[PDB]
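Peer 1: here is the sequence, then the experimental structure:
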Amino acid sequence: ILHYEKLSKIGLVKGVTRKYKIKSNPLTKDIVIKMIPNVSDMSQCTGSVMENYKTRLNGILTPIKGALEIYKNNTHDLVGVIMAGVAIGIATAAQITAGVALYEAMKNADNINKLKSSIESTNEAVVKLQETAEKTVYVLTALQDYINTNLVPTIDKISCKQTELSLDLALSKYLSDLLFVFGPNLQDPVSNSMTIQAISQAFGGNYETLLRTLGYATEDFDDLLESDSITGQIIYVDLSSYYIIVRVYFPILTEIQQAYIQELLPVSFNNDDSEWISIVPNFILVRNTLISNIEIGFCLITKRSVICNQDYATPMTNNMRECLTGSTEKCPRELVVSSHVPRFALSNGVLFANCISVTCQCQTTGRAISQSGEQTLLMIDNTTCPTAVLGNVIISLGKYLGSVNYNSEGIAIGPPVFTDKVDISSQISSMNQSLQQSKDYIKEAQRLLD
Amino acid sequence: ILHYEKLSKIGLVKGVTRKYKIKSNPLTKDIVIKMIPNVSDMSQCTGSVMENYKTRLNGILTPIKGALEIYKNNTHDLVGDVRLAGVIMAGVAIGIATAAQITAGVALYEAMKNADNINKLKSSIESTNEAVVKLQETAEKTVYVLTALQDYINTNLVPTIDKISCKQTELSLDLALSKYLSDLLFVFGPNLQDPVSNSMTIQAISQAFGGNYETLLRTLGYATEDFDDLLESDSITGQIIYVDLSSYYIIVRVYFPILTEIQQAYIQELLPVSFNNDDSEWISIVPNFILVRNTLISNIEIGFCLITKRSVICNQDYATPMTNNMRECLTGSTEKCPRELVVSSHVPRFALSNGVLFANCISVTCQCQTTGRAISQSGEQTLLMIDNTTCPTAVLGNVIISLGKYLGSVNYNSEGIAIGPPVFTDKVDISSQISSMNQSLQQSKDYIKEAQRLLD
Amino acid sequence: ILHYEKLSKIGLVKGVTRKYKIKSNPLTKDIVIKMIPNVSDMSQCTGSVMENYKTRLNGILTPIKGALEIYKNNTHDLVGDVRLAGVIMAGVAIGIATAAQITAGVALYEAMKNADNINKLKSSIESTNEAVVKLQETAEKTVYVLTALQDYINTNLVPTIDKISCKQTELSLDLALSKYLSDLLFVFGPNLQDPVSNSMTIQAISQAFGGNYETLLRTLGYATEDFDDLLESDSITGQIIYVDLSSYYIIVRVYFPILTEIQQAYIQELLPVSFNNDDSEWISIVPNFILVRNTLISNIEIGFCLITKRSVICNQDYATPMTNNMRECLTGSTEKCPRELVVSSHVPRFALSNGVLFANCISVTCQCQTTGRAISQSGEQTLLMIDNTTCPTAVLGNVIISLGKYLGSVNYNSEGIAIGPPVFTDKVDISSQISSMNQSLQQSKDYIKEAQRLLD
Ligand SMILES: *[C@@H]1O[C@H](CO)[C@@H](O[C@@H]2O[C@H](CO)[C@@H](O[C@@H]3O[C@H](CO[C@H]4O[C@H](CO)[C@@H](O)[C@H](O)[C@@H]4O)[C@@H](O)[C@H](O)[C@@H]3O[C@H]3O[C@H](CO)[C@@H](O)[C@H](O)[C@@H]3O)[C@H](O)[C@H]2NC(C)=O)[C@H](O)[C@H]1NC(C)=O
Ligand SMILES: *[C@@H]1O[C@H](CO)[C@@H](O[C@@H]2O[C@H](CO)[C@@H](O[C@H]3O[C@H](CO[C@H]4O[C@H](CO)[C@@H](O)[C@H](O)[C@@H]4O)[C@@H](O)[C@H](O)[C@@H]3O[C@H]3O[C@H](CO)[C@@H](O)[C@H](O)[C@@H]3O)[C@H](O)[C@H]2NC(C)=O)[C@H](O)[C@H]1NC(C)=O
Ligand SMILES: *[C@@H]1O[C@H](CO)[C@@H](O[C@@H]2O[C@H](CO)[C@@H](O[C@H]3O[C@H](CO[C@H]4O[C@H](CO)[C@@H](O)[C@H](O)[C@@H]4O)[C@@H](O)[C@H](O[C@H]4O[C@H](CO)[C@@H](O)[C@H](O)[C@@H]4O)[C@@H]3O)[C@H](O)[C@H]2NC(C)=O)[C@H](O)[C@H]1NC(C)=O
Ligand SMILES: *[C@@H]1O[C@H](CO)[C@@H](O[C@@H]2O[C@H](CO)[C@@H](O[C@H]3O[C@H](CO)[C@@H](O)[C@H](O)[C@@H]3O)[C@H](O)[C@H]2NC(C)=O)[C@H](O)[C@H]1NC(C)=O
Ligand SMILES: *[C@@H]1O[C@H](CO)[C@@H](O[C@@H]2O[C@H](CO)[C@@H](O[C@H]3O[C@H](CO)[C@@H](O)[C@H](O)[C@@H]3O)[C@H](O)[C@H]2NC(C)=O)[C@H](O)[C@H]1NC(C)=O
Ligand SMILES: *[C@@H]1O[C@H](CO)[C@@H](O[C@@H]2O[C@H](CO)[C@@H](O[C@H]3O[C@H](CO)[C@@H](O)[C@H](O)[C@@H]3O)[C@H](O)[C@H]2NC(C)=O)[C@H](O)[C@H]1NC(C)=O
Ligand SMILES: *[C@@H]1O[C@H](CO)[C@@H](O[C@@H]2O[C@H](CO)[C@@H](O)[C@H](O)[C@H]2NC(C)=O)[C@H](O)[C@H]1NC(C)=O
Ligand SMILES: *[C@@H]1O[C@H](CO)[C@@H](O[C@@H]2O[C@H](CO)[C@@H](O)[C@H](O)[C@H]2NC(C)=O)[C@H](O)[C@H]1NC(C)=O
Ligand SMILES: *[C@@H]1O[C@H](CO)[C@@H](O[C@@H]2O[C@H](CO)[C@@H](O)[C@H](O)[C@H]2NC(C)=O)[C@H](O)[C@H]1NC(C)=O
């Protein structure tokens, strides 16, 4: 519901329109990640290594287990669950909801813990524990692929002091990478907004294996990964055996009805005698008839739609909304002073270019396309020129579908502005200066007059 | 010293209060990192590999050694002054230097002493053939030497010296070296313009050792508790002391500092909660973290710090000034607290502050589980304060929590509050609003100008 | 053409002046990256692994191949012109394209020609069984083929084909493939929406080869000059030319540009130094880097560039406009230079500019050692200019540098300067101030509206 014609005349060519999809209705699945390799195969070339490593790991795992109990000790079941408000004291909206979620996981948590001994037994990278009825809980073990493929197969090929040294390194390195995610950085383990790729650091970042193991598969398996929607949550932490139980949340991508995200392609336009760029949102969210900004930064942009892990719409100035609809004089523009800046764009077979700053010649008519000084852009199409040559490219145009006098129409330009961070402080200060002075002329004249 | 009651009424619920700790009084310790694996065990399946690699490495190491000499050649002991001891920097020589850069150079000179002491074992360093090696240095004062890609040469290339071939044992060694350089370049490449300074994270430096900063530290002895909190808060820095372009190893001085909590200072956190006012949801635009020292309220770039449950740990003071109005708003002048329109499905609807609930029961459905009733919110209210007295155990959607007793005005929900002005924070709009405002301002200056000229 | 003297008096000490270099005139070279290891050496301990992996990879590769055809199917030669000779894009067909995207397509077409030339050795590519392998393009011309996870299959899976088992030799191969995909997605995942453009860093593309961009480049041949500076400045880009969904390899065209320092232009850096004015410390809020071309002073987003000691290297012009007032301030109108209150312990207190010192001796102990006289700063003073004239060798705190002779007004310290207005830059405060200002503005437009109606 934007006025694309006027907008294009100030360098905002109409681009691709995408759908707006958001994650929802997750479906949990639980798996275990043992963060201590099984070295029973080389119990001789161990040394203090395994002992110290256990102390180190218990160090970084303890705060996490603790933070989880602070919630397990305040959730009792009686006729759903009920959180102990006074006990919890201070909690954020989401943090509590994550705790409620933790309690239900608990049920299936203890059920898993039953195979505690069976978990330690694991001696392979990926292991399935179905020693029970239908309870087949998966167990990924860290640095296991190493212990098996490389340390064991050369148990004698090297030595026992070396088979020990190399195992210490692989453990120290794993901790070095593991720390980034589970260090003191993981202040709130209660919440469940942690990306699955982040959690997979406990398994060497092989989040591919971690998800396929669990058996997920969807035509959006990747769009969900990149849009950071496949989150995970720590359910339990065993400080004895050194393994954790994470609950992977796998959602669906559903598209918000009556809503699209229109993209505008910026194109340098000429006005006074300098190049200019309109300072207007490059992406616009429209729902029904409501135009709003969107922090598309935190989303995944594909060719057909914008996928976000949550609604990211934000308010928009009133003037900015008017500008986008027809009030072009309310559209800011900043001076262009760089060699590199978009000079033209192709919107639906038609060209929109600032010839005053690019070589526009008509390959068909052999002639060259000229731009008046009074013209901001040019609209090179089928009619004017069947096969134009903007700069080094040669493209064949189509027929423009708007006002047939676009190039002799004209448009009211907006006010110029500067967006440099330093200058925004300068301008705010500069403006207040003038404002204080004019409030003194209005104050001295008001007191002298009446 | 903030007015938490009024603040909560506009969606800024009182959260956790943390201490303000900063790093200080570092204690140095030096170690050597050899960036060339010892391949004497397979000197036959080498080939040009080791030769080219040396050329490549000498390439990226040279600028660093250079930048260090630019300071070693301008620091002489200030011998002769019986009333001042130390080093003296050649100002005219150095030319242009920043405050800190010089201080880092002065620091470099002091390491030169123990630097040369270490260099004495130059031959002993090249000898290293293990990942981590202890080169007994003086009486009890030892020096350690970490060697890059060594664990590979030993565990994987040697143990299959014949299992594969000699052309392959060569190819695989070239790759491991090229990859190491690929990761090493992000830190010691053209990027490392100023090697004089000592503000480089230890994890960054450890890239020379495959990023195994854990081993690099354990091997040095981290006799501390705040060890992890010091790591994450980027306080354990390192500094290049010496660069040997022959043997290809560098001497880094690790600074292990210690935390210390600033006296009489805390960092109060506010939990944002969407509040209803006109007929739209709103969010107050006020700092989410506030630094208070004595009675001074100031902003803090808590971004660059580590936030734990009990305190905010920073690698340096990060306090910054605060508008005057913003300080007033935080204390009671709520009409001076901006607010921006909410237009997103997801945004905090309620928060729990000291057993009590604060919710927008206009944009969320709040019911009282015990009585069954619906805890509804008036139109001229911003939030609600659901506590013992109102609802003993409420239901905010998929949650059921048991409340406690609010300790403030018992008429919080019938009190009311003066709302602030609305604003838009989108970057693009801040330019629009600055431009828009100046428009109006130029026009009103002309009405004041044309009416001032016409009147007197 | 800046007024460095006045600028220094408000804490903007003159720093190093660097050249302004930009990339240009690239020279292409093509190589192939096979993203499927050759496992013919262990065809028995395979299992479904290789099959599934092929399905997975075909998944993430398909969209890329597709996006490339959307351009190959709309570019035909321009047969029929005496003057002009080249390619012609099907505008109506392409529909919506960005300036650069088309130019990248035109570039793709001219690659394709040599692309097919390479594809001729399709079978020869699959044959590859080594990390890096060299092929025969046209006798004199050659093309290279890097194979993913090959070094693993050879050095570690084969050499222990029996040392372990066949179920394990299979498990370990599955992991190495899954992990490779895990890292490969960051760059070739849905992230890679537009494969037509050629602005993708070479290090990014090298993810297909385990991020060993060193080998990918070394094995490709690179010019000695400004090479690392070209890597770090993100100028060595790459572009996907072809995608083979059968054999699973891609042909990338690496662009090697040459830096070209744009004439009549330098980037002056200013060193910030806390200055004293009222009774508080202050910092001038002015660009720390300034781009000057001829006589035009403009801002520059030096963030996206590589800063070396000698020059600023950027992958494209990054100049941006500058307020008018800000330009004046930088030249002499110091009352037009904003300043923000300093409230942090750590903040630069002095800087060395051309052998001369510039310090806030009110907050840092300054004394001249070559005379024993304690160097003192008055209340009315913003900074101090400690040089040869007054002190041959001074001592700030515990630092000791020997100064040189200042070359400007010999009464710099008794000169004085008009201070600018104070401001607050906290993002939260900028919203508060914009709101605050508009408040006042609406009120003054009502006094001008009520007075104007009452008066005439
Ligand atoms: C305050 O600082 C100023 C400079 O910031 C001090 O003056 C300088 O002091 C230094 C060392 O005390 C002098 O060293 C000299 O360096 C020049 C090189 O300069 C070039 O440019 C000059 C421009 O005026 C030319 O005149 C020169 O011809 C030259 O091309 C040498 O040429 C000089 O001889 C001199 O000494 C060097 O040469 C001797 C020769 O035997 C060698 O032993 C060393 O190589 C010496 O380094 C410098 O000349 C001088 N510059 C001036 C005065 O402009 C000043 O002393 C400081 N105040 C005090 C008194 O402390
Ligand atoms: C000016 O520019 C425009 C756009 O760049 C050009 O005309 C428009 O585009 C085409 C011109 O060919 C036209 O579409 C009509 O032709 C289509 C193609 O038919 C052929 O399809 C196969 C070819 O590969 C093959 O089966 C066979 O050869 C077949 O004839 C058909 O889909 C259909 O006939 C199209 O016309 C109908 O559709 C339009 C659009 O919905 C509608 O108006 C009518 O229903 C119409 O009958 C477009 O319609 C053209 N647009 C218009 C209105 O002009 C044109 O080439 C340029 N002018 C010149 C001569 O330079
Ligand atoms: C808020 O509004 C303010 C006013 O609208 C903005 O400040 C104004 O900035 C403009 C520049 O865009 C200034 O205009 C010109 O200033 C000098 C001096 O010329 C002027 O002298 C008198 C002013 O007292 C008057 O006779 C005229 O205003 C006259 O223009 C000139 O050097 C420039 O113009 C020259 O150069 C340009 C090329 O760039 C040519 O096109 C022109 O023909 C001319 O040769 C400036 O444009 C203006 O002085 C200043 N304030 C005034 C008096 O209007 C302020 O920037 C804005 N804030 C923002 C950015 O949001
Ligand atoms: C730091 O001080 C060093 C002094 O110990 C200095 O090293 C020497 O630098 C000069 C460069 O001028 C080199 O000299 C070269 O050129 C002369 C020509 O007169 C030849 O006679 C020499 O053979 C040589 O090729 C010296 O080789 C070099 N000596 C050392 C110590 O290696 C550094 O350059 C100083 N660093 C800086 C940046 O000033
Ligand atoms: C509303 O809930 C309140 C709890 O948040 C409750 O008051 C508090 O009740 C606890 C016990 O549930 C008291 O704790 C202990 O200490 C006191 C003082 O020594 C003892 O008398 C208690 O028996 C108990 O062991 C808290 O001290 C108490 N808070 C205070 C100081 O009042 C309210 O009573 C509930 N409101 C009503 C009346 O329903
Ligand atoms: C500076 O303050 C001005 C008023 O104090 C403001 O202008 C007025 O802005 C309000 C909305 O903020 C507009 O009123 C609209 O209010 C709601 C919007 O949700 C609806 O009921 C209607 O759409 C209603 O129009 C006024 O129209 C507008 N007044 C006018 C014509 O100027 C400025 O926009 C403020 N500018 C800054 C710098 O913030
Ligand atoms: C969890 O709640 C229990 C309530 O029963 C608290 O009691 C602890 O119980 C454990 C049982 O192993 C003991 O080891 C502790 O000594 C008990 N603590 C106290 C203060 O008596 C316990 O505080 C809570 N656990 C947490 C979060 O630490
Ligand atoms: C606009 O200018 C006024 C001055 O006329 C600023 O208000 C002063 O701010 C300082 C520091 O915060 C106080 O010490 C003065 O007492 C204030 N004067 C008063 C009461 O008006 C105001 O902060 C400026 N605002 C902007 C946009 O920077
Ligand atoms: C590009 O042009 C071709 C040529 O007509 C289109 O045709 C398909 O090409 C694939 C190979 O890429 C064949 O296997 C199919 O059988 C062809 N089917 C058709 C005629 O649609 C191809 O689809 C075009 N690519 C696109 C869609 O841009």
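Peer 2: Thanks, I have the structure now. Numbers count the residues shown, from 1 in each chain, chains lettered A, B, ... in the order given. Ligands and ions are numbered 1, 2, ... in the order given.

Peer 1: every contact and neighbour count from this point should use C-alpha atoms.
Peer 2: Will do.

Peer 1: can you pull out the helices in the stretch 351-450 of chain A?
Peer 2: Secondary structure of the stretch 351-450 of chain A, counting by DSSP state H, counting those that start in this stretch: helices at A:406-409, A:421-449.

Peer 1: turn those into CSV, columns for mean neighbour count and distance to ligand 2.
Peer 2: Formatted as CSV, those follow (neighbours: other CA atoms under 10 Å in any protein chain shown; distance: least, CA to the nearest ligand atom, whole Å):
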stretch, mean neighbour count, distance to ligand 2
helix A:406-409, 14, 16
helix A:421-449, 17, 44
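
Peer 1: can you say which of the ones you listed is nearest to residue C:58?
Peer 2: helix A:421-449 (44.8 Å; CA to CA).

Peer 1: by contact count, what packs against that closest one?
Peer 2: The contact analysis (3 or more CA pairs under 8 Å, 6 or more residues apart in numbering or on different chains; DSSP states H and E) places helix A:421-449 against helix B:427-455, helix C:324-329, helix C:427-455.

Peer 1: report the central residue of chain A.
Peer 2: residue A:298 (3.4 Å; CA atoms, centre = their mean).

Peer 1: that one reaches residue A:308, doesn't it?
Peer 2: Yes - counting by CA atoms under 8 Å, residue A:298 touches residue A:308, with 7.0 Å between them.

Peer 1: how about the residues of the stretch 1-150 of chain A by chain C?
Peer 2: A:15, A:16, A:125, A:145, A:148, A:149, A:150 (CA under 8 Å from any CA of the partner chain).

Peer 1: check contacts around the fourth one.
Peer 2: Residues counted as contacts of residue A:145 (CA atoms under 8 Å, 6 or more residues apart in numbering or on different chains) are A:124, A:125, C:172.

Peer 1: quick one: contacts for residue A:207?
Peer 2: Here residue A:207 is in contact with A:196, A:197, A:200, A:201, C:179, C:182 (CA under 8 Å, 6+ apart).

Peer 1: wait, which of those residues is closest to ligand 3?
Peer 2: Nearest to ligand 3 among the contacts of residue A:207, counting by CA to the nearest ligand atom, is residue A:197 at 44.9 Å.

Peer 1: skipping adjacent residues, who's closest to that closest one in space?
Peer 2: residue A:207 (5.5 Å; CA to CA, 6 or more residues apart in numbering or on different chains).

Peer 1: got JSON lines for the residues of the stretch 1-150 of chain A next to chain C, with distance to ligand 6 too?
Peer 2: Shown next, in JSON lines, are the residues of the stretch 1-150 of chain A next to chain C (distance: CA to the nearest ligand atom, whole Å):
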{"residue": "A:15", "distance to ligand 6": "29"}
{"residue": "A:16", "distance to ligand 6": "30"}
{"residue": "A:125", "distance to ligand 6": "58"}
{"residue": "A:145", "distance to ligand 6": "60"}
{"residue": "A:148", "distance to ligand 6": "65"}
{"residue": "A:149", "distance to ligand 6": "65"}
{"residue": "A:150", "distance to ligand 6": "66"}
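
Peer 1: just those now: which is nearest ligand 4?
Peer 2: Out of the residues of the stretch 1-150 of chain A next to chain C, the member with the shortest distance to ligand 4 (by CA to the nearest ligand atom) is residue A:150, at 45.5 Å.

Peer 1: quick one: buried residues of stretch A:179-188?
Peer 2: A:179, A:181, A:182, A:183, A:184, A:185, A:186, A:187 (16 or more other CA atoms under 10 Å in any protein chain shown).

Peer 1: with distance to ligand 3 added, can I get these in TSV?
Peer 2: Converted to TSV, the buried residues of stretch A:179-188 look like this (distance: CA to the nearest ligand atom, whole Å):
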residue	distance to ligand 3
A:179	48
A:181	45
A:182	47
A:183	47
A:184	45
A:185	42
A:186	44
A:187	44
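
Peer 1: which of the contacts of residue A:207 sits closest to chain B?
Peer 2: For the contacts of residue A:207, the closest approach to chain B (CA to the nearest CA) belongs to residue A:201, at 15.0 Å.

Peer 1: contact partners for that closest one?
Peer 2: Contacts of residue A:201 (CA under 8 Å, 6+ apart): A:177, A:178, A:181, A:207.

Peer 1: one step back: which among the contacts of residue A:145 gets closest to ligand 8?
Peer 2: residue A:125 (61.6 Å).

Peer 1: quick one: residues contacting that closest one.
Peer 2: A:140, A:141, A:142, A:143, A:144, A:145, C:171.

Peer 1: what do you get if the cut-off is 10 Å, keeping everything else the same?
Peer 2: Going by CA atoms under 10 Å, 6 or more residues apart in numbering or on different chains, residue A:125 touches A:34, A:37-38, A:139-148, A:203, C:168, C:171-172, C:175.

Peer 1: how about residue A:178?
Peer 2: Taking CA under 10 Å, 6+ apart as the test, what residue A:178 contacts is A:35, A:57, A:60, A:172, A:198, A:199, A:200, A:201, A:202, A:203, A:204, A:205.
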